[PDB]
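What follows is a set of notes on a single structure, which appears directly below.
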Amino acid sequence: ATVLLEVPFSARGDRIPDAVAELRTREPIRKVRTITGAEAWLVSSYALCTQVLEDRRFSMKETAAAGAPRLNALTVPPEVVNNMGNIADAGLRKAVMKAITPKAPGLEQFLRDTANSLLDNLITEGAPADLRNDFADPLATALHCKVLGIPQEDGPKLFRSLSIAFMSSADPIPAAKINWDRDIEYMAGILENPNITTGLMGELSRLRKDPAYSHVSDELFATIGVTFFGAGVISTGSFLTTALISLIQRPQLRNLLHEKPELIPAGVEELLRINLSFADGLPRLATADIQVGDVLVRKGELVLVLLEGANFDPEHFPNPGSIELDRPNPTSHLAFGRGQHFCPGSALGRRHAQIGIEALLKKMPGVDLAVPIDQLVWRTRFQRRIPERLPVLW
Ligand code: HEM
Ligand SMILES: Cc1cc(C[C@@H]2NC(=O)[C@H](Cc3ccc(O)cc3)NC2=O)ccc1O
């Protein structure tokens, strides 16, 4: 007697389990059990992942409904699962998306300056260096303080909420509410602070006092700050960290991008495609009976969209484990999702990684792991896959 297949399969972010390819071939939608004990449908082919993400009857909002089968416990108030919907309904979607592009004057230069300063400090201190805690995550934090218009010195405290906020837990987490309420209070004070005039929070502060927004709640304005800081920092920091591993393990690619930095955008797009930073499939709740492959998913059931199932599918990306800079379909991966909930920070996330890699390859052309790859410690029961430390020499 066996048990129902459990998800997630592995917290290791340096390699995909051989098991994913076997599953995609044999059963590209199949029943699994999540850490809560709920049953769910795990979808692992490119075609069926795209189908689910482009059909809004598979709803992200309804995953928050009381009594639903759950992937994990909520770490935000349930109305925040509808965050982008709430922003759109408030008439704020265009302004929010405009504030988080990489295109504001001076933003790219600030990113380069910050990355170079972090790297110079590591070089001064001498190898080994930890590229997660002392490069990728501080670069992500600095970027999001600048994008939000808030003081750089406020970044570390906001950052330290995230090791709990993005937990993937069977049960509610008391610390998550403590930190959430504190971080909301912080952002509410930012909106009242006359010195905050730039970035996303400076723009929201003006719109809040504009008559066209007089009935938008103060709670939503503060929530936009907390959520875009948290999603952006955890996503860019975790992605850059595991991209650095993929790059360091490919010395030929490392040297090519060092020699020809104009290929860095194509390289980052492939690093996005093969990235294992998302620890769980993306969750959706069926709001109707819907045919997905050989399975009739029933109303009220949970569906999990496995991004690396799609992104390593050889029917869409031949030789899927190979980084190839000349693919005919290079941005067609699902690293930023697809459909209604496509990542609103995709351009900024690309530029964060491109600039971080450019700066690293120039400052540390001989970068290499300082420990055997199996010695990395992979964070468990978390919404991202990340090594607790990333020790390198150069
Ligand atoms: C490389 C970096 C990033 C990656 C890999 C990434 C990935 C994703 C993915 C896969 C989704 C879809 C989730 C779903 O459909 O369930 C998403 C949504 C989102 N991302 Fe990103 N993201 C990144 C950077 C950022 C940045 C920089 C921000 C903000 C500054 C951000 C904010 C968000 C938000 C707010 C959503 C939810 C959108 C919605 O529900 O409609 N992300 N991201
Ligand atoms: C835990 C946490 C999540 C967020 C993002 C915020 N929460 C949501 O549930 C929905 C959907 C979602 C999107 C991306 C993601 O990675 C997880 C969920 N949309 C949002 O914008 C922000 C701060 C947090 O502490």
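We're sticking with Swiss-Prot numbering for chain A, so the shown stretch reads 3-396, in order.
Header says: X-ray crystallography, 1.6 Å.
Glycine is no exception: its Cβ is also placed from the backbone N, Cα and C atoms.
Under a cutoff of 8 A between CB atoms, and with a sequence separation of 6+ in the same chain, the neighbours of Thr77 (substrate binding site) are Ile166, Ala167, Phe168, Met169, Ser171, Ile175, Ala178, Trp182. DSSP assigns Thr77 (substrate binding site) to coil in the three-state reduction, placing it in neither a helix nor a strand. As annotated by Swiss-Prot, substrate binding site applies to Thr77, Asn85, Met86, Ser237, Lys301, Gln385, with the evidence given as similarity to another entry.
According to Swiss-Prot, the heme binding site annotation covers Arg286, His343, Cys345, on the basis of similarity to another entry. Around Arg286 (heme binding site), the same-chain residues six or more apart in sequence whose CB sits under 8 Å from its CB are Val54, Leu55, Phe60, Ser61, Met62, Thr65, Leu304, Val305, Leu306, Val307, listed in sequence order.
In the three-state DSSP scheme, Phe168 (site 'Participates in a stacking interactions with the tyrosyl of cYY') is classed as coil. What Swiss-Prot records for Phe168 (among others) is site 'Participates in a stacking interactions with the tyrosyl of cYY', and it gives similarity to another entry as the kind of evidence.
Residues or ranges marked as site 'Participates in a stacking interactions with the tyrosyl of cYY' in Swiss-Prot: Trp182 (among others). When secondary structure is read from DSSP and collapsed to three states, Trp182 (site 'Participates in a stacking interactions with the tyrosyl of cYY') falls in the helix class.
For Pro346 (site 'Important for the position of heme'), other Cβ atoms within 10 Å of its Cβ number 18. What Swiss-Prot lists as site 'Important for the position of heme' is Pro346, and the listing cites similarity to another entry.
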*In Å, rounded, how far does the Cα of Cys345 (heme binding site) sit from the Cα of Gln385 (substrate binding site)?*
16
_Chain-internal residues, separated by at least six, CB under 8 A from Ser237 (substrate binding site)_ = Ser279, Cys345, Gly347, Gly351, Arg386
*For the binding-site residues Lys301, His343, which one has the sparsest Cβ surroundings, going by other Cβ atoms within 10 Å?*
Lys301
*asked:* List, in residue order, those recorded positions out of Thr77, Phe168, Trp182, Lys301 with a Cβ under 6 Å from any atom belonging to ligand 1.
replied: none
*Residues that sit under 8 angstroms from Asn85 (substrate binding site) by C-beta distance, when 6+ apart in the chain*: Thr225, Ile226, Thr229
*Annotated recorded positions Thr77, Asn85, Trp182, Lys301, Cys345, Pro346, filtered by Cβ under 6 Å to ligand 2*: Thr77, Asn85
_heme binding residues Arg286, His343, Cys345: largest Cα-Cα distance, in Å and rounded to whole number_ = 16
